[PDB]
Amino acid sequence: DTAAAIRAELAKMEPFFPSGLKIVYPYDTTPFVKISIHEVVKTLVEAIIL
Amino acid sequence: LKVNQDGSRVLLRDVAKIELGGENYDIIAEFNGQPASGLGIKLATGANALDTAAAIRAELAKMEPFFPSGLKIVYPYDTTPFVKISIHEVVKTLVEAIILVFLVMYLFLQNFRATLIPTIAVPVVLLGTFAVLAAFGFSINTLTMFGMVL
Amino acid sequence: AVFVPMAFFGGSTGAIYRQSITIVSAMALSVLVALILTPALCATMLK
Amino acid sequence: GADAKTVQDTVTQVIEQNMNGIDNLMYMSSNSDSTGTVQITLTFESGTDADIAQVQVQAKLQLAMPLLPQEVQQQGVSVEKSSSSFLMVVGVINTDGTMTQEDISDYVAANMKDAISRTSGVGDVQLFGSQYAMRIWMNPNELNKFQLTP
Amino acid sequence: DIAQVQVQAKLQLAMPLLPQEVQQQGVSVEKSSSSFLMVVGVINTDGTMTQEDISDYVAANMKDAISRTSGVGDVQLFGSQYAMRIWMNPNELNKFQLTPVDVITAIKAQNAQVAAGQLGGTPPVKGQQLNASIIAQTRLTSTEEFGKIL
Amino acid sequence: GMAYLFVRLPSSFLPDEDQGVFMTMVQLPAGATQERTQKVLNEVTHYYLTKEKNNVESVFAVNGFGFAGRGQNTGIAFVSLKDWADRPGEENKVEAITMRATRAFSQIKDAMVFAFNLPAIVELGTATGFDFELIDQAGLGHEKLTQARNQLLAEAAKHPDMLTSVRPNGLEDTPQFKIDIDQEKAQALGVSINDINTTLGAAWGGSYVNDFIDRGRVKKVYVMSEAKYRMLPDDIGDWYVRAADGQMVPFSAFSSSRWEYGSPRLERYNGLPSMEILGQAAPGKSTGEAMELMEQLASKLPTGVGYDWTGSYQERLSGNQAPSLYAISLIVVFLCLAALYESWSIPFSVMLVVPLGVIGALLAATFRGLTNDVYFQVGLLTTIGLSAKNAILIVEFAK
Amino acid sequence: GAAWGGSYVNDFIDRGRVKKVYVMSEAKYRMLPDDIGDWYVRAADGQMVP
Ligand SMILES: CC[n+]1c(-c2ccccc2)c2cc(N)ccc2c2ccc(N)cc21
Ligand SMILES: CC[n+]1c(-c2ccccc2)c2cc(N)ccc2c2ccc(N)cc21
């Protein structure tokens, strides 16, 4: 949730950038939790069905 | 400051006027065109309001007796008496919401004793609701008191 | 829950639709009062 | 003494580049005056504990206190709990032994004001006038007369 | 939220027992989490710029807003914010008989903001028509103006 | 009809009340003095004493201090009205009292005086109103920001539509007397720049020197100057600094006098230069539309000029709240009419007594000059409750 | 101390924002041990001293 609002500040910053200034995303933990819900709620569903 | 050649002394008074006066001359107040100072007290972002202002008079009451001649306190802009009206007009309204009860209960049932049960029913509920607001956190607000009437 | 859902407040209007609950406490006591007590009095003494 | 541009970067901006690492924060506003006065407001969320937000803020400004002019240091820096409004406003005047818009303002701030501000959780007091001070009005013609400066 | 205060108001009884160099530098008491999470790199593509032009813009637009956002512990800027950098030549110092002590003195004199008072304030003469703030020494802006220091 | 009488019924938050206490502010033009604004606070006190003895018990004027901020350009009187018993009519109550007060201060005055009602509440929640703020995000200054906000105030006031009322908070924009101390001229004749800066700063602005003790209590000691030697621009040269060589040197030797335009109140939002904008939604439109038809005006401005909403609202009460509330309040209700009943008919009976009572609750509020505020938005829910009751009696006893 | 290690002197303003001012030395006059003697302090008697 903290890292969601890291992009909140960052999103209002982009439009007033000089020419060439572009943001890039190395080392990020956000998408790991997106996998742990999309793989568990998937597992969940397969534990029904089965 | 100095001792010039010929033994003469330059003092601080000899170069500058010296009076015991305020450290800020930016603002000065008039109470009805009469010279006045005061205390514009402001709340503390969570304080209990009318209890806080009750103890504003606690300090102030022990101050009065040791005043110079003429020094008298005066009360402009005050929120205290507004809450005294909102209890004395609500507990009045409350009472008129009974009374007006009783009437309708006699009109429909000439049996007295019957007009009595509804007139105990509701006082008891009003009371018990005070006990649950105290238990959950809230106070006797302008809002909660209007919700005793609705 | 005409009351408590509406008393799920959001923002500066926190205590505003909140302080229901003041209402619900009053309702559930008028239920209690009328589930206990009124049953009693009605029998106790009437005609 | 400072003007609007002077306070804006020597105090205002210095504290603003040192107003971070503070739990819960919607926004931060600011003022900078020609009178020589600055006032920031860090507004927090609804129902945020104001007894602790008035510390994370007030121990953070302070890492930028040594980066300010010494004039501001010996003046009153403050971090209090606000309520944009007054409630009790206790006027104070004289009747019989008449006194001025300065004699009254000093007695108010040298007997009653200090006790009022610490009483039942007061946020902040605004004295309507000024406490007395050893005021010295330097004459520049009587300064040149004995070869001297302020 | 409270252990970050008992600690940070205790270090501070030993702040005056430190060198003045450390005081004007950044002392800090923050909440740690031995690790990063979001690491937002920042580069240029078309209008190419350097490992210094980018690090300043990051720490003069986005960094201050990031550190106060949704409860961030501490930010580590990968580079450095810009500063008026001066590289003293010791051969061109001996040429005019000078030391780095004199260089420093001229910066704390010409690069400065002074608080001049105001016309028409503060306790005026009854009948003054105008009241404006006095400006005096203004802080330096560019690399050219630092080159013209005497 | 229930729809028609509801969409038209306008939205407020919470009614403005007679609190036995209101107040009224003062403000003067660029570079006015303590004498000027005290003349205005004097004339204002007469409307409340000479022309309002029946309603006003007292007044507490304060010169050089508005609720905008501070300075000898402002003022503020705190009214304390006589009790409610001695004030009978609507005439003699805050709405009417501050109405002909405002009319009198726009007529027989020549500055800027108002008089406002006392919300209670806090400052916010005006409703059909907003608080914009224009930010400088790029590396421009105060001079290019003033020009940008002027353009946004102009586009707002040149196609409104359906109209508006919009003006800055208080950057009045007044001159400032700059002094240019030449540094090669100073050192030449032998004066320290330290000595010069505490001569101009201590004399004109004052200086907190040291503490003393008056009557036991410790107070401050200030050093400044007699008033007459620091009123005008020509009094600068009367001050003589001492030079190394034991001879006096006037200020005019090194200094240079000239005027310059600045701002007496530089404001900033989220660690960036900024200016507050206080507008209000139209008499027709209301808020959700006004804010979004100010957003497309802000994006039509020069580069390095964004925006952000100080400070109005976060989420309101007719808006995303009320719906969601009633919405859920139905998904229940239908339940517990099932937990004691079983069918698919019992609850749909109770679930259209809802609009029965509602229509009259509107009607009345729509007829007499009230509005959809908080108090009406809770008698609304006390009705579904009393309707359910009355109805459910019909249902339970018959089933 | 100011030459080899630098010294935080005073604050200035670049593009509105207030930043720092540092004083140090060109890189080449502070790399090795023999560059110590190239710095000349001033003595009371107005003459240089290595
Ligand atoms: C937002 C604070 N907060 C919480 C709360 C919410 C989330 C976590 C912890 C406490 C709260 C939680 C429960 N159950 C019941 C009442 C309140 C409440 C009531 C009034 C208020 N003015 C703030 C309130
Ligand atoms: C009419 C808008 N409006 C209000 C206002 C009036 C009633 C309710 C809310 C705001 C206003 C209120 C106070 N106190 C001080 C100054 C102004 C103001 C100043 C200039 C302007 N061009 C419109 C202004």
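Thresholds applied
- Residues numbered from 1 in each chain as written, not as in the entry; some residues may be left out.
- Chains lettered and ligands numbered in written order.
- Part of a larger assembly, values for the part shown.
- Heavy atoms only, no water.
- Helix = DSSP H or I, 4+ residues; strand = E, 2+ residues; numbered from the N terminus.
- Rg over C-alpha atoms; globule rule 2.2 N^0.38 Å.
- Buried < 20%, exposed > 50% of the residue type's maximum accessible area, 1.4 Å probe, protein only.
- Contact = heavy atoms within 4.5 Å.
- Areas by Shrake-Rupley, 256 points an atom, 1.4 Å probe, with all protein chains shown as cover.
- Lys, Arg positive; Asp, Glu negative; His and termini not counted.
- Charge placed at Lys NZ, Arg CZ, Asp CG, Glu CD.
- Pairing = 2+ DSSP bridges.
- Axes fitted to C-alpha atoms, helices over the stretch in contact; angles between N-to-C directions.
- 1 Å grid on protein atoms, 1.4 Å probe; cavity = no way out; pocket = protein on both sides within 12 Å on 5 of 7 lines; lining within 4 Å.
- Points joined across faces, edges and corners; volume = space filled by probe spheres on them.
- Nonpolar A, V, L, I, M, F, W, Y, C, P; charged D, E, K, R; others polar.
- Buried area = accessible area lost by both parts, 1.4 Å probe.
- Salt bridge = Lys/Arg side-chain N within 4 Å of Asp/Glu carboxyl O.
- Polar contact = N/O pair within 3.5 Å; in protein donor to acceptor, adjacent residues only side chain to side chain.
- Parallel < 35°, antiparallel > 145°, perpendicular 65-115°, else oblique.
- Left-handed = near helix turned anticlockwise from the far one by under 90°.
- Expected span 1.5 Å × (residues − 1).

- Listed as the method for this PDB entry is X-ray crystallography; the listed resolution is 3.08 Å.

- Looking at the PDB entry, one finds chain G named Acriflavine resistance protein B, with Escherichia coli as its source organism.

- In the nomenclature of the PDB entry, chain B is known as Acriflavine resistance protein B of Escherichia coli.

## Here we look at the overall build of chain G
Okay, so step 1: Along its length, chain G carries zero helices and four strands.
Okay, so step 2: The linear arrangement of helices and strands in chain G, starting from the amino end, is β-β-β-β.
Okay, so step 3: A globule of 50 residues ought to have a C-alpha radius of gyration of about 10 Å, yet chain G, at 15 Å, is considerably larger.
Okay, so step 4: Its C-alpha atoms give chain G principal-axis dimensions of roughly 40 × 30 × 15 Å.
Okay, so step 5: Burial status across chain G gives 42% buried among its 50 residues.
Okay, so step 6: Considering only residue pairs separated by 6 or more positions, chain G has 17% of its internal contacts joining residues 24 or more positions apart.
Okay, so step 7: Only carbon and sulfur atoms are counted for the fraction: they give 54% of the accessible area of chain G, which is about 2800 Å².
Okay, so step 8: Counting 7 positive and 7 negative side-chain charges, chain G places the centres of these two groups 13 Å from one another.

## Description of the sheet that holds strand β1 (residues 7-14) of chain G
Okay, so step 1: Taken in spatial order, the three strands line up as β2(E)-β2(G)-β1(G) in an open sheet, and their pairing is mixed. Pairing within the sheet leaves two strands with one partner each, and these edge strands are β2 (83-86) of chain E together with β1 of chain G. Sheet twist, expressed as the average angle between the axes of neighbouring strands with direction ignored, equals 25 degrees.
Okay, so step 2: Summarising the sheet, β1 of chain G and strand β2 (residues 17-23) of chain G pair through seven bridges and their orientation is antiparallel. Across the sheet, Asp11 of chain G pairs through a bridge with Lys20 of chain G, a residue of β2 of chain G.

## Considerations on unusual backbone geometry
Okay, so step 1: Between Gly121 of chain E and the following residue, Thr122 of chain E, the backbone shows a cis peptide bond with an omega angle of -10 degrees.
Okay, so step 2: Considering the arrangement of structural elements, one finds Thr122 of chain E in the loop between β3 (118-119) and β4 (132-135).
Okay, so step 3: The omega angle of the peptide bond from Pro160 of chain F to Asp161 of chain F is -25 degrees, so this bond is cis rather than trans.
Okay, so step 4: Relative to the elements of secondary structure, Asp161 of chain F occurs in the loop between α4 (142-156) and β6 (165-168).

## Some words on the side chain of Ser329 of chain F
Okay, so step 1: Checked against the element boundaries, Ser329 of chain F lands in helix α8 (residues 317-331).
Okay, so step 2: Classification of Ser329 of chain F by relative accessible area gives buried; the value is 5%.
Okay, so step 3: Here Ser329 of chain F is in contact with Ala1, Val2, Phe3, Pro5 and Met6 of chain C, once residues within four sequence places are set aside.

## Digging into the sheet that holds β3 of chain E
Okay, so step 1: Taken in spatial order, the four strands line up as β3(E)-β4(E)-β7(F)-β12(F) in an open sheet, and their pairing is mixed. Both edges of this open sheet fall to β3 of chain E together with β12 (257-261) of chain F, since each of them pairs with a single strand only.
Okay, so step 2: In this sheet, β4 of chain E lies alongside β3 of chain E in antiparallel orientation, the contact comprising two bridges. Paired with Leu119 of chain E across the bridge in β4 of chain E is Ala132 of chain E.

## Points about empty space enclosed by the protein
Over the atoms, a rolled probe matching the size of one water molecule traces out where space is still vacant.
Okay, so step 1: Reported here for the largest cavity is a volume of approximately 150 Å³.
Okay, so step 2: Along the wall of the largest cavity there are 15 residues; nearest its centre are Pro160, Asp161, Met162, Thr164 and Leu293 of chain F.
Okay, so step 3: Those elements that place two or more of their residues in the lining of the largest cavity are α4 and α7 (288-298) of chain F.
Okay, so step 4: When residues in the lining of the largest cavity are grouped by element, the largest group, five residues, is from α7 of chain F.
Okay, so step 5: For the lining of the largest cavity, a count of residues per class yields nine nonpolar, two polar and four charged.
Okay, so step 6: What the second largest cavity holds in volume is close to 50 Å³.
Okay, so step 7: Every residue along the wall of the second largest cavity is listed here: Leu39, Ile41, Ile56, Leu60 and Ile73 of chain B together with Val90, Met112 and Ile116 of chain D.
Okay, so step 8: Elements with a minimum of two residues in the lining of the second largest cavity: β5 (35-42) and α2 (56-63) of chain B together with α4 (103-118) of chain D.

## Considering the pairing of β2 of chain E
Okay, so step 1: Burial along β2 of chain E is one-sided: the face carrying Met84 and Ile86 of chain E is buried and the face carrying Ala83 and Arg85 of chain E is not.
Okay, so step 2: Of the pairings in the sheet, the one linking β2 of chain E to β2 of chain G comprises four bridges and is parallel in character. Paired with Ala83 of chain E across the bridge in β2 of chain G is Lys20 of chain G.

## Details of the interface of chain D and chain B
Okay, so step 1: Facing the 58 residues of chain D at the interface are 57 residues of chain B.
Okay, so step 2: For the pair chain D and chain B, the summed buried surface comes to about 5800 Å²; carbon and sulfur atoms form 61% of the total.
Okay, so step 3: Counting the surface chain D buries against chain B, the share from its top three residues, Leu87, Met88 and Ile93 of chain D, is 15%.
Okay, so step 4: Linking chain D to chain B there are zero salt bridges.
Okay, so step 5: For the interface between chain D and chain B, the tally reads 33 residue pairs in polar contact.
Okay, so step 6: Breaking the side of chain D that touches chain B down by element, the ones donating at least two residues are β3 (86-93), α4, β4 (124-127), β5 (132-138) and α5 (141-144) of chain D.
Okay, so step 7: When the residues that make up the side of chain D that touches chain B are grouped by side-chain class, the tally is 28 nonpolar, 23 polar and seven charged.

## Some points on the packing of helix α1 (residues 6-13) of chain A against helix α3 (residues 53-68) of chain E
Okay, so step 1: At a minimum axis distance of 9 Å, the contact between α1 of chain A and α3 of chain E shows a crossing angle of 155 degrees. The angle between α1 of chain A and α3 of chain E places the two elements in the roughly antiparallel class. In the crossing of α1 of chain A with α3 of chain E, the sense of the turn from one axis to the other is right-handed. Facing α1 of chain A, whose interface residues are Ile6, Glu9, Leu10 and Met13 of chain A, α3 of chain E presents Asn61, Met62, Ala65 and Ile66 of chain E.
Okay, so step 2: When grouped by side-chain class, the residues that make up the contact of α1 of chain A with α3 of chain E number six nonpolar, one polar and one charged.

## So, helix α6 (residues 193-204) of chain F
Residue and element names in this part refer to chain F.
Okay, so step 1: Between its first and last C-alpha atoms α6 spans 17 Å; for twelve residues at 1.5 Å apiece the expected length is 16 Å, and the two agree.
Okay, so step 2: The buried fraction of α6 amounts to nine of the twelve residues, a majority that puts the element mostly inside the structure.
Okay, so step 3: Looking at the residues trailing α6, positive phi occurs at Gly206, about 90 degrees.

## As for the environment of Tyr132 of chain D
Okay, so step 1: With respect to the helices and strands, the residue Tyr132 of chain D is situated in strand β5.
Okay, so step 2: Given a relative accessible area of 9%, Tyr132 of chain D falls into the buried group.
Okay, so step 3: The contact partners of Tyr132 of chain D, leaving out residues within four places of it in the chain, are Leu20, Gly21 and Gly22 of chain B, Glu102, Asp103 and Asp106 of chain D together with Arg215 and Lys219 of chain F.
Okay, so step 4: Here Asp103 of chain D takes part through its side chain, which lies 3.3 Å from a polar atom of the side chain of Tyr132 of chain D.

## Focus on the pattern of salt bridges
Okay, so step 1: Under the counting rule described, the total for this entry stands at 24 salt bridges over all chains.
Okay, so step 2: One salt bridge connects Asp14 of chain B with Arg13 of chain B, and the closest N-O pair in it is separated by 3.9 Å.
Okay, so step 3: Judged by relative accessible area, which is 59%, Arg13 of chain B ranks as exposed.
Okay, so step 4: The salt bridge involving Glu92 of chain E is made with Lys95 of chain E; its shortest N-O contact spans 3.9 Å.
Okay, so step 5: Taking the relative accessible area as the measure of exposure, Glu92 of chain E reaches 44% and is therefore partly exposed.
Okay, so step 6: Salt bridges sharing partners connect three or more residues here, namely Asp106 of chain D together with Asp214, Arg215 and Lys219 of chain F.

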